[PDB]
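Keep in mind that the numbers below use all heavy atoms, side chains included, and drop hydrogens, waters and symmetry copies. Counting from 1, the numbers follow the sequence of the chain as shown. Counting starts at 1 for both ligands and their atoms, following the listed order.
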Amino acid sequence: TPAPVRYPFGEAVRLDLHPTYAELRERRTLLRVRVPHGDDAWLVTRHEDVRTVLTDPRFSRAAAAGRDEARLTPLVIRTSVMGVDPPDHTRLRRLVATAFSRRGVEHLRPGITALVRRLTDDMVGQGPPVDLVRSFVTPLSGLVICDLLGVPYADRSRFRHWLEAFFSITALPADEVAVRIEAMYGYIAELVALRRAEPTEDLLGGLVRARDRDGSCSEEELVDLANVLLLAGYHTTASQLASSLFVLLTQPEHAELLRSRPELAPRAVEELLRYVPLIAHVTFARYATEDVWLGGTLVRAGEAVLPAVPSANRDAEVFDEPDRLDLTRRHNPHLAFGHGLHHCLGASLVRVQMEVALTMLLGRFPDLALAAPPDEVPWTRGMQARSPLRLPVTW
Ligand code: HEM
Ligand SMILES: CN[C@@H](Cc1ccccc1)C(=O)N[C@H](CO)Cc1c[nH]c2ccccc12
């Protein structure tokens, strides 16, 4: 194999993609790389190629649990349904699929709408400037994931310390990663226990009933599944909505487009998912289980592949002018939610939260503008997802 290049190519800066990704797409080759932790891997960068590795059966995600997973984090993270192949993946997803369907999530829109109203009610009285990350983006995603799952949002003062340890690359040392992670796995266990004595009318309550009277999941599958849903809803969604708000407030000709044309919103939400590079670098690695050829490379059974999803979302062979934001694109086959088997489970819930919050922010602050130069806005350094630390605005 070729000499392995360091990966990452550098810290992810704001929302800029490193130039090597585009050259790799043009080269039509995988790149053998050397990551901060785990085995070496092949970096995958073309929309066509990232689709193959995300979902082809010959590329396994279970096979990486019996390995020191190529990865960017110090510790291997438990990814629940995201770390298993079928039939374990089937068995487990079916337990949460109906709650996260488009029809299932449509019922949450009246209350998501009303929260966005109560949150925007408060910027009005508070007055500029407002930190949109603190006063809006985090209360919205944080209160909508906790109310669906059953986690007390009023418990955020203890478990949002622990959520950062799952997303750290260089922000925390590995000993502080290991300890916050077990703090979280013991807070989840607290909640599972409080519901065998006191059944709840929430997603966690229904998962505990599902392990107890059906045995449809082991107890660590139970606690992992619930650990991962609050991971994704409380922080991954806030990152994307905080970064989409950066893209509109710094390219303010697109905020003016969508504000004058709110019917664009479902298209505007999709393109903001294609165009924002939410994943700092790569998604979860897969290991070949037999020999697959792609990207001018015979990947042998047992080798890793790292899918660089943000790069696939700029593939000129799929997206006309992929580096220009076009909030009005009609067909958007982006991979910002994954592809095939592991396609993002809260897809519909991210969309609804994003349609509502963008429509009302733009509708209700028609001259909303950043209260700093775009480059004076601070960004998450060392983290697995990209996000602005604060987002001061005025109107
Ligand atoms: C803007 C916010 C989000 C983004 C960008 C996002 C992105 C993704 C992506 C790209 C994948 C596929 C990963 C891969 O194959 O490597 C994925 C899988 C998944 N996502 Fe998220 N997600 C978001 C919010 C959420 C929310 C709110 C939930 C649940 C409450 C969620 C739960 C999941 C689950 C459970 C999986 C694994 C599904 C399976 O393995 O069948 N995500 N997500
Ligand atoms: C290489 N995973 C990185 C990058 C990433 C990948 C996908 C989405 C967002 C960000 C990460 O931050 N992963 C975070 C932090 O561990 C956890 C996570 C994100 N999506 C998940 C789905 C199921 C279980 C866990 C997760």
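Atom CD of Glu263 sits in a crowded spot, with more than 12 heavy atoms from other residues, nucleotides or ligands closer than 6.0 Å. Annotation: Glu48, atom CD; neighbour count of heavy atoms from other residues, nucleotides and ligands within 6.0 Å does not exceed 12. Within 6.0 Å of atom CD in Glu376, 12 or fewer heavy atoms from other residues, nucleotides or ligands are found, so the atom counts as exposed in its surroundings.
The pair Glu106-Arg109 meets the salt-bridge criterion, since a charged nitrogen lies less than 4.0 angstrom from a carboxylate oxygen. With salt bridges taken as basic N to acidic carboxylate O contacts below 4.0 Å, none links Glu11 and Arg386. We find that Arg351 and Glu270 are joined by a salt bridge, their nearest charged nitrogen and carboxylate oxygen being less than 4.0 Å apart. Using a 4.0 Å cut-off between charged nitrogen and carboxylate oxygen, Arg300 and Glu290 do not count as a salt-bridge pair. Looking at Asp40 and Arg34, a side-chain N of the basic residue comes within less than 4.0 Å of a carboxylate O on the acidic one, giving a salt bridge. Using a cut-off of 4.0 Å between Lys/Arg side-chain N and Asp/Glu carboxylate O, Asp88 and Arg91 are scored as salt-bridged. Electrostatic pairing of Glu271 and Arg329 counts as a salt bridge here, judged by a charged N lying under 4.0 Å from a carboxylate O. A salt bridge links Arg259 to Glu256: at least one charged side-chain nitrogen sits closer than 4.0 Å to a carboxylate oxygen.
For the residue pair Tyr185 and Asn227, a side-chain donor N or O sits within less than 3.5 Å of a side-chain acceptor on the partner. A donor-acceptor pair shorter than 3.5 Å cannot be found between the side chains of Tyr275 and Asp323.
Counting the atoms of ligand 1 from 1 in the order shown, those under 4.0 Å from a heavy atom of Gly338 are 9 (C), 10 (C), 12 (C). The contact set between ligand 2 and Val228, taken as ligand atoms under 4.0 Å from a residue heavy atom, comprises 23 (C), 24 (C). Heavy-atom contacts of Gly233 reach the following atoms of ligand 1: 27 (C) (cutoff under 4.0 Å). Ligand-side atoms of ligand 1 in range of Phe284: 16 (O), range being under 4.0 angstrom from any heavy atom. Atoms of ligand 1 lying under 4.0 Å from any heavy atom of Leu54, numbered from 1 in the order shown and given with element: 14 (C), 15 (O), 16 (O). Which parts of ligand 1 touch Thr283 is read off a 4.0 Å heavy-atom cut-off, strictly below it: atoms 13 (C), 14 (C), 16 (O).
Geometric assessment of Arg32 against the ring of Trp42 yields a positive cation-pi assignment under the 6.0 Å and 45° thresholds.
At a heavy-atom cutoff of 4.0 Å, ligand 1 is contacted by no atom of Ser239, backbone or side chain. With a heavy-atom cut-off of 4.0 Å, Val81 does not touch ligand 2 at all. With a 4.0 Å cut-off on non-hydrogen atoms, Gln240 touches ligand 1 through its side chain and not its backbone. Residue-level proximity to ligand 1 for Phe337 is carried by backbone and side chain together, each with a heavy atom below 4.0 angstrom. Residue contacts with ligand 1, taken as heavy atom pairs separated by less than 4.0 Å, involve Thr237 via backbone and side-chain atoms alike. Only the side chain of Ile77 comes within 4.0 Å of ligand 2, counting heavy atoms alone; its backbone N, CA, C and O stay farther away. Under 4.0 angstrom from ligand 1, the non-hydrogen atoms of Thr236 come from both its backbone and its side chain. In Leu345, the parts holding a heavy atom less than 4.0 Å from any atom of ligand 1 are both the side chain and the backbone. In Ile145, the part holding a heavy atom less than 4.0 Å from any atom of ligand 1 is the side chain.
Here the side chain of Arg274 pairs no donor or acceptor atom with the backbone of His334 at under 3.5 angstrom. When atom types are taken as modelled, the side chain of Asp85 and the backbone of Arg61 share a donor-acceptor pair closer than 3.5 angstrom.
Regarding atom 43 (N) of ligand 1, its nearest protein heavy-atom neighbour is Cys344 CB, 3.2 Å. With hydrogens left out, the protein atom closest to atom 31 (C) of ligand 1 is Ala232 CB, 3.2 Å, a heavy atom. Looking at atom 17 (C) of ligand 2, its nearest protein heavy atom turns out to be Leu231 CD1, 3.9 Å. Atom 23 (C) of ligand 2 has as its closest protein heavy atom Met82 CB, 3.4 Å. Nearest non-hydrogen protein atom to atom 40 (O) of ligand 1 is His342 ND1, 2.6 Å. Among all protein heavy atoms, the one lying closest to atom 10 (C) of ligand 2 is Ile279 CG1, 3.9 Å. Taking atom 26 (C) of ligand 2 as the reference point, the nearest protein heavy-atom neighbour is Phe284 CZ, 3.3 Å. Atom 15 (C) of ligand 2 has its closest protein heavy atom at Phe166 O, 3.0 Å. Ranking the protein heavy atoms by distance from atom 5 (C) of ligand 1 puts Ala336 O, 3.6 Å first. Considering only non-hydrogen protein atoms, atom 11 (C) of ligand 2 sits nearest to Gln384 CB, 3.7 Å. In terms of protein heavy-atom proximity, atom 14 (C) of ligand 2 is closest to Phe167 CE2, 3.3 Å.
Ligand 1 is never approached by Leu230 to a heavy-atom distance shorter than 4.0 Å. Within the structure, ligand 2 has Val282 among the residues with a heavy atom less than 4.0 angstrom away.
Checking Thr283, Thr237, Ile181 against atom 7 (C) of ligand 2, the nearest heavy atom belongs to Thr283. Closest heavy-atom approach to atom 14 (C) of ligand 1 among the candidates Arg286, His343, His89, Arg93: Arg286. Taking only non-hydrogen atoms, the option from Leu92, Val144, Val81, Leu229 nearest to atom 37 (C) of ligand 1 is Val81.
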Practice prompt. Check the pair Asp202 / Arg195 against side chain to side chain contact (heavy atoms under 4.5 Å, CB included), numbers first and verdict last.
Written response: CA-CA 10 Å; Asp202 48 38; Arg195 279 147 173 75; 3.1 Å; yes

